[PDB]
Structures are given as structure tokens and as C-alpha cells.
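Presented below is the structure to which this report refers.
Order of writing sets the chain letters: A, B, C and D. Residues in each chain are counted from 1.
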Amino acid sequence: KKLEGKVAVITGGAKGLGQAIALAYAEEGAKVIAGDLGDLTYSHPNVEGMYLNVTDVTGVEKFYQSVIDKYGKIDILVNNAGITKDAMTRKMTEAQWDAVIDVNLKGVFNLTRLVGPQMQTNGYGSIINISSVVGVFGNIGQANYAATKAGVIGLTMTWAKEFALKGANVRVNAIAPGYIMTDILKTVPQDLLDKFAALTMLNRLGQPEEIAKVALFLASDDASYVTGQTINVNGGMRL
Amino acid sequence: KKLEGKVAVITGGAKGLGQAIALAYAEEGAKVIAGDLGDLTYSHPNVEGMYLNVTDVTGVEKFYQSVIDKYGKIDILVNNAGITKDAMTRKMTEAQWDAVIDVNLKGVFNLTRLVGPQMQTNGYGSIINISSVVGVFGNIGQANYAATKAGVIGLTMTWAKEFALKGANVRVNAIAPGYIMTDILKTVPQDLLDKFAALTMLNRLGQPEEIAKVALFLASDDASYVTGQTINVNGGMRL
Amino acid sequence: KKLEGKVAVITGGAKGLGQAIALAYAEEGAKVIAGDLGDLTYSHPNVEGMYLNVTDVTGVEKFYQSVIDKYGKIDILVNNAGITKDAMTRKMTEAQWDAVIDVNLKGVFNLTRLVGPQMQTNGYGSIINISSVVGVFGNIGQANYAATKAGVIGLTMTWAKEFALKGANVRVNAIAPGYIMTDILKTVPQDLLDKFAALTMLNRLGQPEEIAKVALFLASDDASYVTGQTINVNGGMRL
Amino acid sequence: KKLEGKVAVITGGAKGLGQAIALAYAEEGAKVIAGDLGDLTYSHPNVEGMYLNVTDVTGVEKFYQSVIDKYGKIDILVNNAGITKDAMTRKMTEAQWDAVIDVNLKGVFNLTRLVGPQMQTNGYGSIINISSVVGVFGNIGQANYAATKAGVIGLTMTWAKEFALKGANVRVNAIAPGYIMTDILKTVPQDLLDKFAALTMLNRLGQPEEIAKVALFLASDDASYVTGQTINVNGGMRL
């Protein structure tokens, strides 16, 4: 199978895109660890749920070491955990700003600074960061979120360079999804979601499996000459 | 299999990337028509060679109608045929300019103007154009080639919009390869090749199969929410 | 003045953006040669109209040599002449394709292959190519035009590299205008002007002077460290 | 003069690019406030130095209100304050991460959330964010910096949309400088400076004034139809 014998960590893996990615990987033979604040909303023999708060530095170290102790190595990392706290910038509170940067940007750093160097030392890995169409185009009411999702692209390019030093076969890429119905959209008015669908060339929102399949491509050796990239998976949207 | 029952046309399919893409498709259940000026340099039970000169408008129509007569429809098109005629712009001749625009840009139009609308009418298809790192960054000695490979991106985006009108599930994307070991690199001095490898994050040139696997991804329903995109497959190169 | 003592050639300089750019340059101390098929629709003490058909290679050389004989050198070149021949790809004729590629792509090459190397030899120059928002995003009914305006970006990057080799202070950039109210856009129904305007962040179309001021910036030493770039001047449009 | 009558705030205005921008604006008639942690290293009659720590939310409000009380309005904002704390990601400390995100991303938010809405309410303004070639390409040893300078592009696009709502003529853009000879770069070994220069098409590093001239263009009405953009001012660099 495509990921047979590979160990994959998925942050925010309890539901939504993270669930879809975990299941796609597990169906292709990966040993998957789905880390989340919440219990998994699903079961698969090759998905282990673990508690993970990507904002708790001490907790991230404990999670990382627990995975290494049990599974030996981490071949694939998907930095998928993410939140929104939307507001017009005129009204956005310090807490709305801080929380989004902490999960979506620092939380990516907190775990990658452990996993990525481990991949370099092992001479192999694939890291997939989850950006957003909002990071590529900006979006009203989302200065915090857009900063993080554009920021993830900066991390992606930097780490694609760094972790491939000294001949290490480590790739780092990002996926920038368009709009997919998950709980992250709970505060987004339906008028906007309908507008977003109409802005795609395919005239529709995406499904979680449509992101998972691209994540599977990038994690696998099929994408062996793809690194440093941000792949837009957005039905052709311009936002 | 990923392309079971699909009919795929690959221009420039006799060797190089076109051959690699044809074989990848053929191994995933597609019936492949490999169109080229030259005889195929390989065989496969699912690949049929046909004469195709993408610059001969009348011949392209004949080729197209022959494929439709045999198989009834075309589900996948890869516009891969391409040439170089390198020269500094200071010295480039009219013939060097004209030939490259004719194959690499008009040739893409000549066949796609038949296949793409047929996909739109059938309600389904996937078109993969082959750009180049040179279209994304430019390159010394290649203004003609760069114009065409950047031009192909304009075609890609336009057609991703046009052929998905009226609810048609037609996707159009481009692959921009970096430097891949094929015959098109015969004329490039070896010192420059070594330089090219060092410009990649992976510190190596690519193999044809590394492009073929991405072409397979895009042709398949795995890429169902990917359209209008140019995927760089270049080992992280900046040129 | 910003361009005092410089000699500038503007193709398509009889009206529209070409006229606005010519006048902006002429008001900043440049001697401007406005080349066009038609007579200039304006006059200025620093603008000389000359016949130029960018598609006639022999005539382009005659124009070039005439300008050099009179003016000694050309410091600035704006490759502005351009046309559309719109059609859905399914109906686009060979002539509609050919004419647009010949003016908008080959025409740029035809004059630049003389002027650019001359700037390099002289140790100084600035070239401004005119792309379009359509080259950046594609547009239904404009595959030919989109191919050319995306292709111009490939030319831009290539020439920025080539003409600055061996110590020459030659810069090459492009402007990608959004929808600008030239004679041609003045005819379109208001209902549709409103539509394009609504795709911009400023909720309006542009004026020709708004392109000219950017062309003045890039031609001038204010842009001395800007090369290889395509500047979108489009009110924040996503098309 | 180009900015006569306009009030401009420049963060990090005591030295480096901020100084160059402040002086360029002052020479074109702007009333300039240069905010910084330290005293200005220069004098000009139309530059007022003020204490500003962009990371102190409360102090930022006090600074903002002081400027409004004295000058009435803020027409132009340049978010230039920035720091580096370089480290390979494997060694980067939490403090190195935190400080760079706080200045380079949150600091931009802290002041813009006051100034930008004020521009929207006044119906006019121009905001210039300072990104970097590192935000566009990534760079080894600079994951924190790259995250922030890519993030600034996300902010730029978001605010170009938000602050122009309801017909307000507010533009938001970014400049991404290449390697510019400010104080730190002068101390790097000559071998390295030559290496960096060799990555540019012009084979040289930039001077601060070359950034300031672009900042002047964007602040001015010459850039009236430019918004949502990131302008690379890098000599044609690929990093």
C-alpha cells in the first residue's frame, strides 16, 4: 500500500480534514497517530488517538516523545490543527489575535521543531502544512487567520530548504484548501459560503476527502520531486 | 485502478516525459493514444501509437476524429509535445522563435480546441498541460521557450474556467517540471546541469517517472478539487 | 524631471494607454517616439509619431534604425501595442489565434531583440512590457489573449536576466493592468462595467493615467532596484 | 510636492530603511512621525521622533492618540519595525520565535488596527507593510522571520479588502526588499555579500534609498490603482 510501514502524525485529527487525512493514510497502510484536544470521532485499527494541545510546549514534547517511544520514528507530519476567531480588524480583540497565531502558527512550529530535525537525521520524511485560500488571497474579517495561513507558506519554504540539507530526503509542502464544510465554518454566514461556492470554477464547495487525497499524494513517494510548494485545492477559486 | 476505462491522449508520447506519462496511465487501466512525429520507443498493451504533428491543423483534426471514431470520447488530454530552439535574444532568429511558439503554444491550442469542448459537452474530463520551471522563472537563452511555457499557464487558467461552464466536471491544470533527465537536455552543457541540480533543495535532477506520477494524480479523481493550477515539480528549484 | 534627457519608444502610442504613457514621459523631460499604425490622436513638443507595425519584421528594423539615426540611442522601451480577438475556444478561428499571438507576443520580441541588446551595449535601459490581469488569472473567451499576456511575463523575466548580464544596468519589468477606461472599454454596457468594477477592492475601473504613472515609476531611477517583476495595477482585482 | 499635506507614520523610523523612508517622505512635503524604541539617528524639520514600542499594546494606543491629537489624522502608515533572531529550527528557542512574531506580525496589527479603520472612516489612506524576499522564498535559519514576512502578505491582502469597504479610497500594499545595505549587512564577510549579490540579476545588493523610492511611489497618488500587492524590490533576486 502507498504508505505501508510509514508512521504519520496528524495534528487536529479528531474530526474534519484531519480525520479525513488520517483515514486516507490508514487505508494506505500507514501507522497513524491522530493528536487532538478532543477524543477521536471515529475508529480505525491503524489510527491511535492521543491528546495533543499544539499550543502547550511542554505537552508537545511529551506527545512527541510518546510517539517516538512507541513507533520509533515519524515519517510523515501533517500540521492540520487550526482555528478561526473572526472579526473586522477595527473590533478584533487581543485574545482573538493571540489564540489564532498561537494555534495556527506557533503550534506548527512547536511540533515541527522536534519532528522535522528528526526526519533530517533519519534522512527521510514528508511534512504537509495546511494553509488556506485565505492565506493566498486574504479575506475580510480574518486578519489574524490570514496572517497565520500566509505565514505557514513561509515556514513551508524555509523548512523544505533546511530539512533537506546534508542530502536528507525530506520534503515540505503545504495544501491551501478552499472551503470544505467542517465545524471551522460554524460562525461563517451562509450568504458568504454560497458566495464562496460561486467563486470556484467548479461552482461548488469541496469535500474533506478531496483534501485527504492530495495529502496522501504529498505524503507518498509519488510526490518525490515536489517540495517547497503550496498546492491550492480550491476548485479554481479566486477569493 | 485509478484510470480504469478512461481514454487518454498524450501528445509527444514517443519518448521522454510523454512516454513516462503514457506508461503510468496505461498501468492504471487507461487506454492511451500516444501521438508523436516519431515511432514509439516502447510498447504496452494499453498504449497505441498514432502519427500526430501538433503544428499541422488539418492533421490534428484528422487525428482527433480518428480517436473519437475508435473510442467514442477522450477523457484525459496531456499536452506534452514540446521543443527548444535556444539562443540569446540578441542572436535568436525568426525561425527559432516561430518554431517554438508553433509547437509549444499553438500546438496546444490546435488539439485542445477540439478535445476540451468535447469534454465540456460530455460533462467530464481532465487536461494536463506541460509548462516548465522556465515559464515560472524565465531562463537565459530561452525567451521563446519561456514565452510558451508561461503562455501555457494563461491557457490553463482560461480553459479551467471555460470548460467547466454549465456544470461540466472538467479540470485543467499544468505541471511545471524542473530539469528532468530526457533527450531535451542533450544540448545543455554538463556544467550547467550540475549548476541546475545545486539550485534544487533536493540537490538532484528529477526522473521522468517523478513527473508521470504527478500527471497520474492530476488525471485521476484524486485531484477532483484541483483545477486552474500550475504544479511545480522541480525539487524546490529557484532558477 | 524624472526622465530628463532620456529617449523612450512606446509602441501602440497613438491612443489609449500608449498615449497616456507617452504624455506622462514627455512631461518628465523624455523625448518620446510613439510608434503606431495610425496617426497620433494628440500632439506634444516631446512626442514624435512614427509608423510602426510590430508584426512586420522588416519594418520594425527600419523604424529602429530611424530612431537610432535621429536620437542616437533608446533608453526606455514600452511594448504596449496589443489587440484582442475574443472567442470561446470552441469557436476561435485560426486567424483569431494567429493575429493576437503575432501582435501581443511576437511583436514584443521583434522590436525588443533590437532595442534590449542596444541598451545592454550602452550600459543602461528600462523596458516595460504590458501584460494584463487576464494573463495573471485567465478569462473566458480569451484563450489567445491570455496566452500572450501570460507569455509576456515569461519574456519579462528572461530579458531581465539576459540584458543585465556582463555588468549592464538594464531593467525589464511588466505592468499587468486591470480594466482601464480606454476608448474600447467606453463602449461596453454599463451593467458589465459594474461587474468588473465589483471584482476590484476599490469598486471601480482604472483610468489610463493610473497606468501611465506606474510606467513612469518603472522607467525612472525610482525603480532602480526593481527588475524581473510584473506589477498588477488593477485596483486589487481577482478575475 | 508628492506628499504635500499628508501625515505619515513610520514605525522603526530611527535608522535603516525606516530612516530612509522618513526622509524621502519629508523631502516630498509630508509631515512625518518616526516612531522607534530609540532616539532618531538623524534630523529633519518635518520628521518628529516619538517613542514607540510596537509590541506594547497600551503604549501603541497612547502613541496613536498623541499623533491624532497633534496632527489630526494619519494619511500614510509604514509598518517597518522589524527584527531577526536567526537559528536553525532544530536549535531555535521559544524566545527567538516569540520575539520575532511579536514585533514583526503582532506589532503590525497593534498599530494598524487603530490607523487603518481611521483611514477607512476618513475615506482615504495608504498603508505600506514591509515584507522581505525571505517571506517570498523562505531562508535557511530564519523560520521565525520567514513566517512573519510571509504573514505580512496575508495581512496586506486582507486589509486592502477590509479598509476599502464602503467606497473608502484606502490602499494597502507591501514592499519585499531583497538584501539592502543597512548597518548589519555591512558587517557580513565580503565573500558572503558577493554570494548574495550573485543571486540578483543586477549582481549587486540594494541601497536603502532604493526601498524608500518605492515606498514613496506607493504612498503617493502615483499608485492610485495599486492595492493588495507585494512589490519585490530585490534586483531580480531568487533566494
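By definition in this document, a contact is a pair of C-beta atoms (placed from the backbone, for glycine too) under 8 Å apart; a residue touches a chain by one contact, two chains touch by 3 or more.
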Query raised in the report: Between B-D, C-D or B-C, which shows the same interface as A-D, counting it as a repeat when over half of the contact pairs match?
Result: B-C
Report summary line: Note: of the two pairs A-B and A-C, more contacts are counted for A-B
Report summary line: Taking each chain's centre as the mean of its CA atoms, subunit A sits from subunit B at a distance in Å of 30
Query raised in the report: Between subunit B and subunit C, what is the gap in Å from one C-alpha centre to the other?
Result: 30
Report summary line: So, in whole Å, the Cα centroid of subunit A is separated from that of subunit C by 42
Requested in this report: Would you mind listing the residues of subunit A that make contact with two or more other chains?
Outcome: 137, 160-161, 228
Report task. Indicate which of the five shapes (line, ring, star, complete, other) describes how the chains touch one another. Result -> complete
Report task. Any two chains that touch count here, so list every such pair. Result -> A-B, A-C, A-D, B-C, B-D, C-D
Report task. Within their complex, state which residues of subunit B touch subunit D. Result -> 137, 238-239
Report summary line: Touching subunit B in the complex, subunit C uses residues 57, 88-90, 92, 94, 97-98, 101, 105-106, 109, 112-113, 116-117, 120, 134-135, 137-144, 146-163, 165, 228
Report task. Would you pull the subunit D residues touching subunit C in the complex into a rising list? Result -> 160-161, 164, 167, 169, 171, 178, 201-203, 206-207, 210-211, 213-214, 216-217, 221-229, 231-236
